[PDB]
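Student: Order-wise, the sequence lines are chains B and A.
Under the deposited numbering, the first residue of the first sequence carries the number 1, and numbering increases by one thereafter.
Under the deposited numbering, the first residue of the second sequence carries the number 1, and numbering increases by one thereafter.
Right, I'll just put the structure down here and ask away after.
Number of protein chains: 2
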Amino acid sequence: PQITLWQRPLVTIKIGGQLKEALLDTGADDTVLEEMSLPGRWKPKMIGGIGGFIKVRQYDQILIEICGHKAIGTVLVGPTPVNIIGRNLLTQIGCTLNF
Amino acid sequence: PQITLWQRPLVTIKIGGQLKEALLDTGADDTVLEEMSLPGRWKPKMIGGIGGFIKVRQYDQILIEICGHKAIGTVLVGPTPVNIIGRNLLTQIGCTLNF
Ligand SMILES: COc1cc([C@@H]2Nc3ccccc3NC3=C2C(=O)C[C@@H](c2ccccc2)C3)cc(Cl)c1O
Ligand SMILES: COc1cc([C@@H]2Nc3ccccc3NC3=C2C(=O)C[C@@H](c2ccccc2)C3)cc(Cl)c1O
Ligand SMILES: [Cl-]
C-alpha cells in the first residue's frame, strides 16, 4: 500500500489473537505497544523520551501482522502515549519513505 | 528519493541559510529543531513527550529545503534530543510510506 502523511499513519497491528491500533513511526528504532498480554518470557528495558525513562518488557521473536504483511521482531510492552511501530518492524515489512 | 529504514532516516536540511541534520519522523505532527537564530516574530508553545513538555518558539512561513524539495511552513525551535522533520512538512513535499 501507499500511506499518506496528510494525517497520522494509523494501522491495525495483529499479534496472535490481539488487535491494536498503532502509529507508523520512522522516528523510532523500536516498537512500543501499551497494555497487551503476550505469553512467555521477557527482558526488562529502560527506554528514553524527552523527559526521562519508561520501564518496558522486551518481547523477542514475536510474529506480527500489519496490512496483510507478516513480520518477525521485538515488541516492547509498556505505557506509551501512543502505540508506535519503529524501524525494527518497518524494515521487516519492506516499508520505505518516498518523495 | 526512496529512503529505506535500515538506518535512522537522517537527511540534510537547508534552513535560514544553514545546513543541519534532521530525522524524518512520521511519528510527529510537527517539526522541532535545536536552538537556531531565525529572524522575526514567534509564538510561544509547549510540546509534550515522555515525562513532560518542552517550551518552544513557533515560527510560521519558514523556507526549508530537504533533498531538493523546497517547502514553506511552521518550524518549532527549542531543546530536542534530535532535530525532527514532522508530518506538517513531510506531507508538504509529497512524502509517503510505501510497502
Ligand atoms: C533518534 O534519536 C532519538 C530518537 C528518539 C525517538 N524519537 C523522538 C525524537 C525526538 C523527540 C522524542 C522522541 N521520542 C522517542 C523516540 C523513541 O524511539 C522512543 C519513544 C518512546 C515511546 C514510548 C515510551 C518511551 C519512549 C520516545 C528518542 C530519543 Cl531520546 C533520541 O535521542
Ligand atoms: C500521536 O500522539 C503523540 C505523538 C507524540 C510524538 N511521537 C512520540 C510517539 C511516542 C512516544 C513519544 C513521542 N514523542 C514525541 C512526539 C512529538 O510529536 C513531539 C516530540 C518532541 C520533540 C522535541 C521536544 C519536545 C517533544 C516528542 C507524542 C505524544 Cl505525547 C503523543 O500523544
Ligand atoms: Cl518523547
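For every residue, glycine included, the Cβ atom is placed at its ideal position computed from N, Cα and C.
Can you find at least 3 beta carbon pairs, one from the segment 41 to 52 of chain B and one from the segment 86 to 93 of chain B, that sit closer than 8 Å?
Tutor: No, they do not touch.
Student: Is the segment 65 to 85 of chain A close to the segment 66 to 75 of chain B, with three or more CB pairs under 8 Å?
Tutor: The answer is no - the segment 66 to 75 of chain B does not touch the segment 65 to 85 of chain A, with fewer than three Cβ pairs under 8 Å.
Student: Of the choices A:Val75, A:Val82, A:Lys55 and A:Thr4, whose alpha-carbon is the least far from that of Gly40 (chain A)?
Tutor: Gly40 (chain A) has its Cα closest to that of A:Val75, out of A:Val75, A:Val82, A:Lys55 and A:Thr4.
Student: Compare the Cα-Cα distances from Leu10 (chain A) to each of A:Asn98, A:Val82 and A:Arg87 and report the closest residue.
Tutor: Of A:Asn98, A:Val82 and A:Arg87, the residue nearest in Cα terms is A:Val82.
Student: Which residue's Cα is closest to the Cα of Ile72 (chain A): A:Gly78, A:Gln61 and A:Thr80?
Tutor: If we check each option's Cα against that of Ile72 (chain A), A:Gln61 comes out closest.
Student: Based on the DSSP secondary-structure assignment, which residues constitute the bridge partners of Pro81 (chain A)?
Tutor: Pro81 (chain A) pairs with nothing; no bridge assigned.
Student: Helix, strand or coil: which one does DSSP assign to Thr12 (chain B)?
Tutor: Strand, per DSSP.
Student: Which word fits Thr12 (chain B), buried or exposed, when buried means at least 16 other C-beta atoms lie within 10 angstroms of its C-beta?
Tutor: With fewer than 16 Cβ atoms within 10 Å of its Cβ, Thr12 (chain B) is classed as exposed.
Student: Using C-beta distances below 7 Å, list every residue in its chain close to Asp29 (chain A), excluding the 5 sequence neighbours before and after it, in chain order.
Tutor: Counting only Cβ-Cβ distances below 7 Å, and skipping sequence neighbours, we find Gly86, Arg87 and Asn88.
Student: For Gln7 (chain A), name the three-state secondary structure that DSSP assigns.
Tutor: Here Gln7 (chain A) sits in coil by DSSP.
Student: When Cβ atoms are compared, which residues of the segment 72 to 93 of chain A fall closer than 7 Å to chain B?
Tutor: The residues in question are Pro81, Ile84, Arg87, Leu90, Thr91 and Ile93.
Student: Name the chain B residues that come within less than 7 Å of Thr26 (chain A), Cβ to Cβ?
Tutor: Residues of chain B passing the Cβ test: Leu5, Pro9, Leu24, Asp25, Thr26 and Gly27.
Student: Residue range of the beta strand (DSSP E) that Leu23 (chain A) falls in?
Tutor: Residues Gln18 to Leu24.
Student: Could you tell me whether any non-hydrogen atom of ligand 1 is closer than 7 Å to the CB of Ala28 (chain B)?
Tutor: Checking every heavy atom of ligand 1 against the Cβ of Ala28 (chain B), one is found closer than 7 Å.
Student: Run through chain B and tell me which residues come within less than 9 Å of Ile54 (chain A), C-beta to C-beta.
Tutor: In chain order: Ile50 and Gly51.
Student: Between the alpha carbons of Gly17 (chain B) and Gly51 (chain A), how many angstroms are there, rounded?
Tutor: In a straight line, the C-alpha of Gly17 (chain B) is about 31 Å away from that of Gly51 (chain A).
Student: In terms of DSSP beta bridges, what is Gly73 (chain A) paired with?
Tutor: Looking at the DSSP assignment, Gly73 (chain A) forms a beta bridge with A:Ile62.
Student: I'd like the list of long-range same chain contacts for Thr26 (chain B), defined as Cβ closer than 7 Å, with 5 residues on each side in sequence excluded.
Tutor: The answer, listed in chain order, is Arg87, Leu90 and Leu97.
Student: To the nearest angstrom, how far is the alpha carbon of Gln2 (chain B) from that of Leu38 (chain B)?
Tutor: Using only the alpha carbons, I get a separation of about 30 Å.
Student: Under the three-state reduction of DSSP, which class applies to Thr96 (chain A): helix, strand or coil?
Tutor: The answer is strand: DSSP assigns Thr96 (chain A) an E or B state.
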